[PDB]
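Asker: Input query-v1.cif, format and content: mmCIF, C-alpha atoms.
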data_run
loop_
_atom_site.group_PDB
_atom_site.id
_atom_site.type_symbol
_atom_site.label_atom_id
_atom_site.label_comp_id
_atom_site.auth_asym_id
_atom_site.auth_seq_id
_atom_site.Cartn_x
_atom_site.Cartn_y
_atom_site.Cartn_z
ATOM 1 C CA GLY A 2 -71.840 21.406 -16.316
ATOM 2 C CA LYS A 3 -69.308 23.905 -17.673
ATOM 3 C CA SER A 4 -70.519 27.418 -16.864
ATOM 4 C CA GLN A 5 -74.138 27.316 -15.727
ATOM 5 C CA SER A 6 -77.492 25.592 -16.143
ATOM 6 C CA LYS A 7 -79.310 25.773 -19.479
ATOM 7 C CA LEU A 8 -82.978 26.266 -18.571
ATOM 8 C CA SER A 9 -85.383 29.129 -17.934
ATOM 9 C CA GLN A 10 -84.190 31.258 -15.036
ATOM 10 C CA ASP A 11 -87.763 31.184 -13.776
ATOM 11 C CA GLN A 12 -88.049 27.411 -13.788
ATOM 12 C CA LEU A 13 -84.825 27.450 -11.797
ATOM 13 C CA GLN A 14 -86.454 29.162 -8.831
ATOM 14 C CA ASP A 15 -89.389 26.791 -9.181
ATOM 15 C CA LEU A 16 -87.462 23.535 -8.969
ATOM 16 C CA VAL A 17 -85.729 24.990 -5.929
ATOM 17 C CA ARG A 18 -88.768 26.534 -4.331
ATOM 18 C CA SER A 19 -90.222 23.074 -4.837
ATOM 19 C CA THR A 20 -87.698 21.436 -2.510
ATOM 20 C CA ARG A 21 -87.922 24.229 0.053
ATOM 21 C CA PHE A 22 -88.556 23.449 3.800
ATOM 22 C CA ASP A 23 -86.512 21.854 6.578
ATOM 23 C CA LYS A 24 -84.394 18.693 6.523
ATOM 24 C CA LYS A 25 -83.437 17.485 9.974
ATOM 25 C CA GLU A 26 -87.190 17.214 10.261
ATOM 26 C CA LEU A 27 -87.684 15.010 7.255
ATOM 27 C CA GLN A 28 -84.736 12.930 8.375
ATOM 28 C CA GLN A 29 -86.446 12.148 11.659
ATOM 29 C CA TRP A 30 -89.533 10.993 9.778
ATOM 30 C CA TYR A 31 -87.595 9.201 7.057
ATOM 31 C CA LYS A 32 -85.912 7.052 9.690
ATOM 32 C CA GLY A 33 -89.084 6.380 11.662
ATOM 33 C CA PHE A 34 -90.955 5.405 8.492
ATOM 34 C CA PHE A 35 -88.257 3.163 7.045
ATOM 35 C CA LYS A 36 -87.806 1.579 10.458
ATOM 36 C CA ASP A 37 -91.446 0.703 11.012
ATOM 37 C CA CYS A 38 -91.877 -0.313 7.386
ATOM 38 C CA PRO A 39 -88.595 -1.132 5.670
ATOM 39 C CA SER A 40 -89.455 -1.318 1.981
ATOM 40 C CA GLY A 41 -87.139 0.965 -0.001
ATOM 41 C CA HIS A 42 -89.532 1.532 -2.896
ATOM 42 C CA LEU A 43 -92.451 3.963 -2.837
ATOM 43 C CA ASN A 44 -95.604 4.631 -4.850
ATOM 44 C CA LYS A 45 -96.700 7.941 -6.343
ATOM 45 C CA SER A 46 -100.045 8.196 -4.586
ATOM 46 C CA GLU A 47 -98.387 7.373 -1.307
ATOM 47 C CA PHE A 48 -95.619 9.884 -1.913
ATOM 48 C CA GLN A 49 -98.169 12.570 -2.692
ATOM 49 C CA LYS A 50 -99.573 12.039 0.781
ATOM 50 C CA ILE A 51 -96.143 12.692 2.268
ATOM 51 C CA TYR A 52 -95.611 15.982 0.460
ATOM 52 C CA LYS A 53 -99.082 16.906 1.639
ATOM 53 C CA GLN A 54 -98.031 16.456 5.266
ATOM 54 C CA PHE A 55 -94.665 18.243 5.574
ATOM 55 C CA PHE A 56 -94.920 21.177 3.145
ATOM 56 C CA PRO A 57 -97.838 21.415 0.729
ATOM 57 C CA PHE A 58 -96.860 24.805 -0.692
ATOM 58 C CA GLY A 59 -97.474 24.597 -4.428
ATOM 59 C CA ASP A 60 -99.146 21.694 -6.223
ATOM 60 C CA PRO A 61 -98.051 18.266 -4.885
ATOM 61 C CA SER A 62 -99.398 16.657 -8.035
ATOM 62 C CA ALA A 63 -97.077 18.715 -10.167
ATOM 63 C CA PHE A 64 -93.926 17.864 -8.262
ATOM 64 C CA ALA A 65 -95.007 14.244 -8.441
ATOM 65 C CA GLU A 66 -95.251 14.325 -12.210
ATOM 66 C CA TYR A 67 -91.647 15.487 -12.008
ATOM 67 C CA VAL A 68 -90.064 12.791 -9.908
ATOM 68 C CA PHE A 69 -91.635 10.273 -12.220
ATOM 69 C CA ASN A 70 -90.513 12.194 -15.273
ATOM 70 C CA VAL A 71 -86.972 11.554 -13.996
ATOM 71 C CA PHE A 72 -87.085 8.492 -11.767
ATOM 72 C CA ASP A 73 -89.870 6.814 -13.759
ATOM 73 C CA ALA A 74 -89.666 6.852 -17.538
ATOM 74 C CA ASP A 75 -90.884 3.310 -18.140
ATOM 75 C CA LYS A 76 -90.273 1.079 -15.120
ATOM 76 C CA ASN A 77 -93.796 0.058 -14.145
ATOM 77 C CA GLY A 78 -94.466 2.799 -11.572
ATOM 78 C CA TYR A 79 -92.203 2.800 -8.511
ATOM 79 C CA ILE A 80 -89.219 4.777 -7.244
ATOM 80 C CA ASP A 81 -86.778 4.661 -4.346
ATOM 81 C CA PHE A 82 -87.329 7.441 -1.813
ATOM 82 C CA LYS A 83 -83.837 6.752 -0.522
ATOM 83 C CA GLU A 84 -81.969 7.916 -3.593
ATOM 84 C CA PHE A 85 -84.324 10.884 -3.548
ATOM 85 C CA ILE A 86 -83.148 12.197 -0.209
ATOM 86 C CA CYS A 87 -79.563 11.828 -1.334
ATOM 87 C CA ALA A 88 -80.214 13.906 -4.425
ATOM 88 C CA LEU A 89 -82.135 16.320 -2.242
ATOM 89 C CA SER A 90 -78.811 17.353 -0.778
ATOM 90 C CA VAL A 91 -78.308 19.216 -4.036
ATOM 91 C CA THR A 92 -81.404 21.323 -3.366
ATOM 92 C CA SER A 93 -81.411 22.258 0.316
ATOM 93 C CA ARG A 94 -80.153 24.745 2.893
ATOM 94 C CA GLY A 95 -77.174 24.086 5.151
ATOM 95 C CA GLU A 96 -73.389 23.920 5.308
ATOM 96 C CA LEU A 97 -71.004 21.702 3.365
ATOM 97 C CA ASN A 98 -69.997 19.376 6.183
ATOM 98 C CA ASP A 99 -73.646 18.580 6.842
ATOM 99 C CA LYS A 100 -74.035 17.353 3.274
ATOM 100 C CA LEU A 101 -71.458 14.608 3.536
ATOM 101 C CA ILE A 102 -72.899 13.725 6.904
ATOM 102 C CA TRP A 103 -76.464 13.863 5.648
ATOM 103 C CA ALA A 104 -75.524 11.450 2.892
ATOM 104 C CA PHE A 105 -73.952 9.160 5.457
ATOM 105 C CA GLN A 106 -76.926 9.072 7.789
ATOM 106 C CA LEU A 107 -78.848 8.406 4.615
ATOM 107 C CA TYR A 108 -77.321 5.046 3.757
ATOM 108 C CA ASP A 109 -76.931 4.244 7.445
ATOM 109 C CA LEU A 110 -80.256 2.429 7.628
ATOM 110 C CA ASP A 111 -78.498 -0.757 8.657
ATOM 111 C CA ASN A 112 -77.464 0.335 12.138
ATOM 112 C CA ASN A 113 -73.971 -0.684 11.063
ATOM 113 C CA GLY A 114 -72.224 2.674 10.775
ATOM 114 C CA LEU A 115 -70.167 1.196 7.939
ATOM 115 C CA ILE A 116 -71.122 1.375 4.265
ATOM 116 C CA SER A 117 -69.718 -0.826 1.513
ATOM 117 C CA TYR A 118 -67.736 0.240 -1.528
ATOM 118 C CA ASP A 119 -70.558 -0.729 -3.866
ATOM 119 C CA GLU A 120 -72.779 1.604 -1.887
ATOM 120 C CA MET A 121 -70.320 4.434 -2.390
ATOM 121 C CA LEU A 122 -70.518 4.113 -6.151
ATOM 122 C CA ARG A 123 -74.277 3.715 -5.922
ATOM 123 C CA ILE A 124 -74.572 6.884 -3.857
ATOM 124 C CA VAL A 125 -72.796 9.097 -6.370
ATOM 125 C CA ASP A 126 -74.809 7.372 -9.080
ATOM 126 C CA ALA A 127 -78.059 8.534 -7.537
ATOM 127 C CA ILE A 128 -76.867 12.110 -7.656
ATOM 128 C CA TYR A 129 -75.686 11.519 -11.211
ATOM 129 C CA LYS A 130 -79.223 10.530 -12.159
ATOM 130 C CA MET A 131 -80.888 13.720 -10.963
ATOM 131 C CA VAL A 132 -78.071 15.660 -12.618
ATOM 132 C CA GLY A 133 -79.452 14.698 -16.034
ATOM 133 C CA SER A 134 -82.691 16.431 -15.072
ATOM 134 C CA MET A 135 -80.998 19.793 -14.514
ATOM 135 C CA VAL A 136 -77.748 20.328 -16.376
ATOM 136 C CA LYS A 137 -76.788 18.572 -19.600
ATOM 137 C CA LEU A 138 -74.569 15.550 -19.031
ATOM 138 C CA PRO A 139 -71.179 16.281 -20.674
ATOM 139 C CA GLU A 140 -69.446 13.769 -22.946
ATOM 140 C CA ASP A 141 -66.015 13.139 -21.457
ATOM 141 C CA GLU A 142 -66.644 11.888 -17.926
ATOM 142 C CA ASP A 143 -68.623 8.696 -18.393
ATOM 143 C CA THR A 144 -68.294 5.841 -15.925
ATOM 144 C CA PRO A 145 -67.795 7.934 -12.805
ATOM 145 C CA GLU A 146 -66.552 4.695 -11.282
ATOM 146 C CA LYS A 147 -62.955 5.314 -12.255
ATOM 147 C CA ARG A 148 -63.253 8.484 -10.202
ATOM 148 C CA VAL A 149 -64.695 6.877 -7.101
ATOM 149 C CA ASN A 150 -62.055 4.189 -7.342
ATOM 150 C CA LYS A 151 -59.414 6.892 -7.297
ATOM 151 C CA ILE A 152 -60.657 8.049 -3.908
ATOM 152 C CA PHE A 153 -60.412 4.589 -2.438
ATOM 153 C CA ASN A 154 -57.097 4.265 -4.226
ATOM 154 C CA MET A 155 -56.022 7.587 -2.780
ATOM 155 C CA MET A 156 -56.525 6.365 0.763
ATOM 156 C CA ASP A 157 -55.363 2.913 -0.317
ATOM 157 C CA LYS A 158 -58.158 0.595 0.849
ATOM 158 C CA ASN A 159 -59.031 -3.050 0.287
ATOM 159 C CA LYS A 160 -60.729 -1.980 -2.921
ATOM 160 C CA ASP A 161 -63.757 -3.413 -1.139
ATOM 161 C CA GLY A 162 -63.370 -2.835 2.607
ATOM 162 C CA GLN A 163 -66.003 -0.681 4.312
ATOM 163 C CA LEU A 164 -65.603 3.005 5.177
ATOM 164 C CA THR A 165 -66.903 5.287 7.925
ATOM 165 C CA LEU A 166 -68.415 8.755 7.846
ATOM 166 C CA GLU A 167 -65.336 10.399 9.272
ATOM 167 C CA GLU A 168 -63.078 8.649 6.770
ATOM 168 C CA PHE A 169 -65.546 8.985 3.908
ATOM 169 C CA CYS A 170 -65.326 12.732 4.384
ATOM 170 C CA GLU A 171 -61.544 12.493 4.461
ATOM 171 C CA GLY A 172 -61.487 10.729 1.108
ATOM 172 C CA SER A 173 -63.454 13.577 -0.433
ATOM 173 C CA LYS A 174 -61.294 16.150 1.337
ATOM 174 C CA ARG A 175 -58.234 15.163 -0.669
ATOM 175 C CA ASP A 176 -60.490 15.791 -3.658
ATOM 176 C CA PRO A 177 -61.874 19.328 -3.789
ATOM 177 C CA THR A 178 -63.539 18.422 -7.050
ATOM 178 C CA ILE A 179 -66.144 16.829 -4.889
ATOM 179 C CA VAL A 180 -66.190 20.027 -2.932
ATOM 180 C CA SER A 181 -66.471 22.233 -6.018
ATOM 181 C CA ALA A 182 -69.300 20.198 -7.517
ATOM 182 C CA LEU A 183 -71.717 21.849 -5.112
ATOM 183 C CA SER A 184 -69.907 25.176 -5.064
ATOM 184 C CA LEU A 185 -70.587 25.474 -8.781
ATOM 185 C CA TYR A 186 -74.037 26.751 -7.851
ATOM 186 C CA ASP A 187 -73.787 29.368 -5.104
ATOM 187 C CA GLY A 188 -74.039 32.884 -6.519
ATOM 188 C CA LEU A 189 -77.281 33.077 -8.506
ATOM 189 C CA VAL A 190 -79.984 32.341 -5.947
#
Kindly return the structure encoded in the file as structure tokens.
Answerer:
Amino acid sequence: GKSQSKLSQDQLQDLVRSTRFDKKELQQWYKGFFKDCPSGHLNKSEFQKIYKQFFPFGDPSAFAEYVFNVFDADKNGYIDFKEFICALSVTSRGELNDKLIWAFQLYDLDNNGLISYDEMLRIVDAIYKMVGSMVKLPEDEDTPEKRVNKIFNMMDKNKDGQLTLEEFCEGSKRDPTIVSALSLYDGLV
């Protein structure tokens, strides 16, 4: 982005009003579902059933056609509900500290409490995917890897060692850019 989105102001409230509802609630279910049935991938029909259980406000079939329009252009017919929650952070309601934490508890489905570097780059990538569905991807910041590496380089890690929530948040702290990314959307709601 550079100044603001580039779509119909109306559609803006829709996409948002589409992700409305609670979170800590979905998190409880997301962990109980992935724990009883660890799969990672999810089907459309199945997903529709989920949206029809927590907050069937508008048309669940419409929102579905969306997720696929972004997470499914021509890959058979399956998407990862994990990367979805992560991107959800963009469209939600809470503080800033909860976001970083929310993302952590998101990839913490290994009861390890320690994520790997590769996961870090994969996490930001997920958010970078949904970003192409809202704002127009610029043309001077490709390969966000170099950026993520800087963080690890900032704290000086094993370029591969694992990191913890607490520290993960510290790495982003020394980089407000990660803090302004979300701030660049709080004054037109």
Asker: Any chance you could work out the residue set of the PyMOL selection byres ((chain A and resi 101-104) around 12) here, as a ChimeraX atom specification?
Answerer: /A:24-25,27-29,83-91,93-100,105-110,114,116,120-121,123-125,127-128,165-174,179-180,183
Asker: Hey, which of A:92, A:20, A:117, A:134 ends up closest to residue A:55? Count all atoms listed in the file.
Answerer: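 Using all atoms listed in the file, the shortest distance to residue A:55 belongs to A:20.
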Asker: Identify, on the basis of all atoms listed in the file, every residue whose closest approach to residue A:15 does not exceed 12 Å; exclude the query and any residue fewer than 6 positions from it along the same chain; express the result as a PyMOL selection string.
Answerer: chain A and resi 8-9+21+58-60+63-64+67+92+190
Asker: Nearest residue to residue A:186 out of A:5, A:163, A:12, A:44, using only C-alpha atoms?
Answerer: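 Among the listed residues, the smallest separation from residue A:186 belongs to A:5.
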Asker: Quick one: residues within 10 Å of residue A:139, only C-alpha atoms, excluding same-chain residues fewer than 6 positions away - as a VMD selection string?
Answerer: chain A and resid 2 to 3 133
Asker: Run the PyMOL selection byres ((chain A and resi 40) around 12) against the file shown and list the residues it catches, as JSON, numbers by chain.
Answerer: {"A": [31, 32, 34, 35, 36, 37, 38, 39, 41, 42, 43, 44, 79, 80, 81, 82, 83, 110]}
Asker: Could you please determine the separation between atom CA of residue A:164 and atom CA of residue A:130 in Å, to one decimal place?
Answerer: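 Interatomic distance here is 23.3 Å.
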Asker: Around stretch 3-12 of chain A, with edges along x, y and z and 8 Å added on all six sides, what centre and edge lengths do you get, in Å to one decimal, as AutoDock Vina command-line options?
Answerer:
--center_x -78.7 --center_y 27.6 --center_z -16.6 --size_x 34.7 --size_y 23.4 --size_z 21.7
